[PDB]
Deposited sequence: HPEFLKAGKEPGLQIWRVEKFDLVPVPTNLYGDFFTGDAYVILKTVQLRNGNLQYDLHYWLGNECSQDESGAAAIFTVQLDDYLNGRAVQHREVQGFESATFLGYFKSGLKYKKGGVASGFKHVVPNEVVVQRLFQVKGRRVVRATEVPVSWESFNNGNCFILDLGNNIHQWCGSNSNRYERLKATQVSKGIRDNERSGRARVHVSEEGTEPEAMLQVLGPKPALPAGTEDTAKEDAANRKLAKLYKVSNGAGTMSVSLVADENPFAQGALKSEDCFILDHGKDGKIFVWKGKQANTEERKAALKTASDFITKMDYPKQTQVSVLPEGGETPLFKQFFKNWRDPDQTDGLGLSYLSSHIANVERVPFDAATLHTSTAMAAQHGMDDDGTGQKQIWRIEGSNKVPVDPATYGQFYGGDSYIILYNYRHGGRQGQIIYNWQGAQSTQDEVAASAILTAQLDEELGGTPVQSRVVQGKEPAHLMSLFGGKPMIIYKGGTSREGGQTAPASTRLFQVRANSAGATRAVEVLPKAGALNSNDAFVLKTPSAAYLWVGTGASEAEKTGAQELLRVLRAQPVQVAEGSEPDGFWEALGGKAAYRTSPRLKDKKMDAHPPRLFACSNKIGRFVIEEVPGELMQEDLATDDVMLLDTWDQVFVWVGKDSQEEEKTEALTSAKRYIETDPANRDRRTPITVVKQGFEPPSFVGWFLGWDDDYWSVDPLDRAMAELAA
């Protein structure tokens, strides 16, 4: 096709409308307008850090779309992918049920217009206009063209009466303030993109309609009320498809942590997630082109076969160009092989990576975010141990040591930019008795309130310490003992033979974590420390580095022993006697600075009818999307931030921790239950949260966001 040669040559967005089995370019100033009676093809091109080009191929089906118009669109998708050499990821998008990736392409929102080719309508920028859009949606904004009549309105939503030179935006009496804010975007969209600027926008609500409005629609009658999932979404299954060349499927894994090696390069599989709205088709590199080219028809037969809604999202992925959300259904997925990985998520492609440099940290929110460090860790701090129902100050000589039968609270003073903040780390030991971890959690909440509700609150449980917590002790390592307690009452005797993994972080800080002394608790990239009655070893891995060694060295200074250095694979035998054998340890290195590519951040909104629902926020992360009446989650991989809007309900405010946990337990990746949670208050966000938002503004909430909008680009 002639358009295939214009396609995917630069990074960007291309949209073609399927027009009697031809691809016809949509005018760029009109991207995001779609005709309900038509089908389209969308190609998104991402630059790949290493200069290569990556392709997301969508087709979009309108509700009034003909069955030949949708078939043409699917044919073009298979054949465009083929022109780009199967390297692309494909998406089938149905109106109103589009995927998060697609929705992120459209910042001003989506508009669904009445008509299509069959009825003789076109995108063509002399405007005699009389449309009406019903605007709905909170994070994803959709304006649906509707009949121009009061019977189309309701007190819940915002409506737009487009009269050409004047655009009338009208807000329901029950329209929420933030919804009103999203609707102003579609209006300026009409003003700036369709009218090239020369048009004026008018805002009103019930009982304030201008005469222009009342002329077109008539006297206003009385209006009814608006009408707006669950958290099953953890389980998934996997099938092997057959006879792409009439379809039969074989179950290949029934629970969810999946064996990567069940993906045999000679076949095609279907990752089923239909109850959360998604199915994937995985194409083996050596599957026969008859089956590779029927992937989408395969997918729809499978959707019919299990009786899922026809709106279900479908993607097809080529072996080796898999997406993070596909890869996360599998145990320990790793690429067989540069900068960046398989897939670079579009919403984070624009982010410049910033390596760690401790001198300029106080200057970069991007460094603070990308490395999880609010400051060098050298500020003032206080450390307590819970004993019954009281905080008991820790012996300051032992700051940096933590016993796993205890629970601690650490109040820490951070400075970044020229700004002060506080963090309250609540560290919950693995054998801390349940009455004490609970008291430690309540004592943490009270301390936060006694200090004005502004300190960040971070729950950590032993073994999954956040990076910033390790950097609090000078250059000394955080030492984490398996059990026992430092309370004056019950000193214990430590174990016979003990083993300490000593890992380091982006900043050079170390933590020494006691693990069971078995050979299989070893990792290639860290230093370790064994202690027998006889001798005291300092083992060091091929991937270990010096600060792992400097760290493991002063651990032995505390354990009152003296080292015997040992390199990997070149071990004395009294050593691997001291573990009850030899087995195989973890050798595969760590993602380090590729963690952001493998697990990009994700922003969700979350709510509690007695059921927990989460709705993901598409696109680049923007402060604008932090609704002050909402509770949001920012899922880094290493940690989950919970951002509490000032005007959220107090039942949701005090559940913040539980919502994060319920989010983590229902994750289809089988997330570590110990993953740290960090609650953060609107107006007091720490650097390691704001760094992720290009365009954070510190006075943003000083003027109300809706009052700004209805003026700043209004008049």
item	value
Regions of the deposited sequence not represented in the model	126-127, 231-235, 253, 346-348, 620
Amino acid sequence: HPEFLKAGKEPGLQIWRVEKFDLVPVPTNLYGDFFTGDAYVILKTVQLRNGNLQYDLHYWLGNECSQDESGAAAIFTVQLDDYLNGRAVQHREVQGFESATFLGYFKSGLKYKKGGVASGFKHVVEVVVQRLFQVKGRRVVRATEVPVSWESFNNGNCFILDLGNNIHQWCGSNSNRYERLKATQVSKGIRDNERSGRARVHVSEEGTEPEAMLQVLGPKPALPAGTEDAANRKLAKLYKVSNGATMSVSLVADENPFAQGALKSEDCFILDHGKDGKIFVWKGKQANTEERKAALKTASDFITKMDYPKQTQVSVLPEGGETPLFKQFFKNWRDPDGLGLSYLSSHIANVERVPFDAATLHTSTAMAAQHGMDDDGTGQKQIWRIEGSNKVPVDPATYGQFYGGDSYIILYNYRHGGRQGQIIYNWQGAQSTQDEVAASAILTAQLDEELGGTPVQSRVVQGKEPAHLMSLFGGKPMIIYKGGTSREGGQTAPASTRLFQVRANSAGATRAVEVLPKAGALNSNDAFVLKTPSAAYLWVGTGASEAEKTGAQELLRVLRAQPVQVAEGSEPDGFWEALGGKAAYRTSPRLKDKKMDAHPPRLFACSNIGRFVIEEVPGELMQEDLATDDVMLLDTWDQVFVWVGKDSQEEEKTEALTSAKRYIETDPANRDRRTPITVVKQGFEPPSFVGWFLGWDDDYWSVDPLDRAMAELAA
From here on, numbers count along this sequence of modelled residues.
| query | finding |
| --- | --- |
| Greater mean Cα temperature factor according to the PDB record, 301-309 or 529-537 | 529-537 |
| Which of 433-441 and 289-297 has higher mean CA B factor, as the PDB entry lists it | 289-297 |
| C-alpha B-factor winner, where the candidates are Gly463, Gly619, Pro494, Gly377 | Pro494 |
| Out of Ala598, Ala72, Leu339, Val394, highest CA B-factor residue | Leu339 |
| Third of the chain's Cα B-factor distribution that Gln185 belongs to, per the entry | middle |
| Position of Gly489 among the chain's modelled residues by C-alpha B-factor, lowest, middle or highest third | highest |
| Chain third (lowest, middle, highest) by recorded CA B-factor, residue given as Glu93 | lowest |
| Third of the chain, ranked by Cα B-factor, where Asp630 sits | middle |
| Within-chain third of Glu145 by Cα B-factor, per the entry | lowest |
